[PDB]
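We place every Cβ from the backbone using ideal geometry, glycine too, and count neighbours over all the protein chains shown. Read-outs: derived from the displayed coordinates by stated rules, not from any lab.
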Amino acid sequence: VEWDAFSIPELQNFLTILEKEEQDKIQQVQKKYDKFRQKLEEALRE
Amino acid sequence: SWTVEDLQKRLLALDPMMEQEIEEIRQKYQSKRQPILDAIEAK
């Protein structure tokens, strides 16, 4: 991708898009660990 | 009794593992935004 072909506002928008994708990805991850944790906390509390 | 310790060890492993995945994610996404930042700065 030749990013220089895009205008400043287009490039800014791509950054906003990537920022939103990165947060979503981090959310997926926090959620995955939260489910591991609940199963663990159940076994422990027993 | 081994079990409770092992379970306990896994629980205490979660956040450190999770923070390490997240770090991997941020580096990945920084890598993806870097050539965009460069194009912005080179204009």
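Details
- Helical runs assigned H by DSSP (4 residues or longer) give the protein assembly as shown a calculated mean residue ellipticity at 222 nm of -33000 deg cm²/dmol, each run adding -39500 (n - 2.57) before division by the residue total.
- Once divided by 2.2 N^0.38 Å, the Cα radius of gyration of chain B becomes 2.05.
- Note that chain A shows a convex hull volume over its alpha carbon atoms of 54 Å³ per residue.
- Hull-based mean projected area of the protein assembly as shown, where the convex hull spans the alpha carbons, in square nanometres: 6.7 nm²
- Angle between chain A longest axis and helix A:8-45 axis [Cα atoms, degrees, rounded to 10]: 10 degrees
- Neighbouring partner chain Cβ atoms per residue of B:34-43, average, 10 Å criterion: 4
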